[PDB]
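Asker: Below is one structure. I have some questions about it.
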Amino acid sequence: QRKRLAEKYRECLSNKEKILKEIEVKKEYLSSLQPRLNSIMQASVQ
Amino acid sequence: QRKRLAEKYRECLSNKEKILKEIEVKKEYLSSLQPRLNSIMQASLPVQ
């Protein structure tokens with residue numbers, strides 16, 4: 001049981017690192033999207 | 001009275017010419033803004 005809990009805790013650490021990687025990259029993507037939106041607004045009679 | 005009627009007819013013709021110039025300006029503005037919106041969308045699609 002201590003083996004199972006240690007391995008599952010290492011798997012949860014890897015999943016938390018993946019969630020953080022998703023989030024970091026996701027945040028960067030969101031920032032890029034915001035810049036694109038700003039560019040579109042600048043491009044934008046009406 | 002005939003001179004005043006001729007002046008009123010000239011003012012009405014000037015108002016009709018101004019309305020025709022405004023309609024032509026609106027048509028030219030739409031025709032220019034069509035390709036301008038096309039270029040703006042083509043510029044926005046590269047940024048997207």
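Ordered as shown in the structure tokens, chains take letters A, B, and onward, while each chain numbers its residues from 1 and ligands are numbered from 1 in the order shown.
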Could you name the residues that touch stretch 13-29 of chain B at 8 Å or less, counting only C-alpha atoms, but leaving out those on the same chain fewer than 4 positions away, as a VMD selection string?
Answerer: (chain A and resid 45) or (chain B and resid 9 33)
Asker: Could you write out as a PyMOL selection string the residues of chain B within 7 Å of chain A, counting only C-alpha atoms?
Answerer: chain B and resi 33+40+44+47-48
Asker: How far is it from atom CA of residue A:7 to atom CA of residue A:23, in Å with one decimal?
Answerer: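 One can read the atom CA of residue A:7 to atom CA of residue A:23 distance as 24.0 Å.
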Asker: Would you compute the distance between atom CA of residue A:21 and atom CA of residue A:6? Give it in Å to one decimal.
Answerer: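 If I compute the distance from atom CA of residue A:21 to atom CA of residue A:6, I get 22.5 Å.
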